[PDB]
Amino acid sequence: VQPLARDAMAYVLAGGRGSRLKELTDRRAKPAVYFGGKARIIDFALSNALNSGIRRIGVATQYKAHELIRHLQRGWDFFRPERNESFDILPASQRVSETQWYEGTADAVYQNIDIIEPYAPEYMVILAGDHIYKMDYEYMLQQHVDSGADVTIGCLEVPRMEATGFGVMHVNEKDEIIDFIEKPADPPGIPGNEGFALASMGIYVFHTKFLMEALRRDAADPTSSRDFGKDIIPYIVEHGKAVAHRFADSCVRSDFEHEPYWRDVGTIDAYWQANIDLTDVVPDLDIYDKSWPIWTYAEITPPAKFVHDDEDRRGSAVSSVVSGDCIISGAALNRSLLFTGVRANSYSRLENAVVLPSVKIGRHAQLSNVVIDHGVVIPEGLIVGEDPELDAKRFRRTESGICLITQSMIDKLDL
């Protein structure tokens, strides 16, 4: 009768550096990276927990967390303990130990047992905080209880050649995990469906009592790298009962999303592509859906504005997504995504451009196939996208020709 989410706590792992995002994560952890016009990556897992009815949330942070923690303080501020709600931001710090850094994803939870236990949740839902996806976690909770698993593991069903970069679960007829392989060159297929493999999402459901004991087990073992994927879960698949949960069974698709949507935006190319795809006529991700909404930190913002329309300049956007507090003054935008606060000035042009909040585009600048970091001021007349060798020397250039542009790159600029 009662939904199990009433008795669950979501615990989000948000310490991931995202080192392949290069300068995009030099000053902020990957869960803090802006995505899709407004939110940050972490808001997706957070919103999944909220919309699934989980109203105790803990977030473990580590690497470069000041921007992430400030976002969480200001955006996720509406939980009240009187209502059996809680939002705990849990950085590694001189608190219960000297340390100041978590030893691994397991240690991220283990060090905060004294926070969890007063709440006495029946269940723990462990979440990667660095992916973009919508999912109703009540489904996994139900499967976990009914299957008697020690751990239920969220898995994507992917073509085996795509699984070579994931931690892959090897399952039997009834989706019980026989073995776990980190990045198999030839991923094991699903029995009776070997064109596909189950790739771990880093979503784990436990009974709290079991998890605490296993965290304590783990923390005593010197063999352990203190990691869910490499230590906790492999021990259980061997000695206990681990079961896979398939993302397709619990993904929340809107009427305007043709397939289950999950993205890890792990490379500059992948991050550019996921954002720019939102400019499509029929985008894979429906950012206009209100049935499974993404909460985030947002301020009252004025509308977007388009000015100038003469023989020489026209401020206008085609095949583009433009946020509030954007003033497109005499600037031509095509196939671009603009976050809030952008100022694009006369005779400039943006094409195939992902523009993070509060960027300024100087008069006459022309930028194609770029990601412009938050707050960058683009000098008047800067050309990007016309000279690959010049662009690669000045900026971080992808082999597929995307330039990531940061303020530090701009400050160094000559010819």
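Heads up: residue numbers just count along the shown sequence, starting at 1.
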query	finding
Residue stretch of maximal mean CA temperature factor, 148-156 vs 97-105	97-105
Selected stretch [higher average CA B-factor]: 87-95 or 192-200	87-95
Peak C-alpha temperature factor (PDB record), options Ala298, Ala220, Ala317, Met135	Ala220
Options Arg80, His170, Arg263, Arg343 - largest CA temperature factor per the record	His170
Assigned third (lowest, middle, highest) for the C-alpha B factor of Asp387	highest
Cα B factor band for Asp130 (lowest, middle or highest third within the chain)	lowest
Chain-relative CA temperature factor third for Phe247	middle
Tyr119 CA temperature factor, ranked by third within the chain	middle
Among modelled residues of the same chain, the CA temperature factor third for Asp280	middle
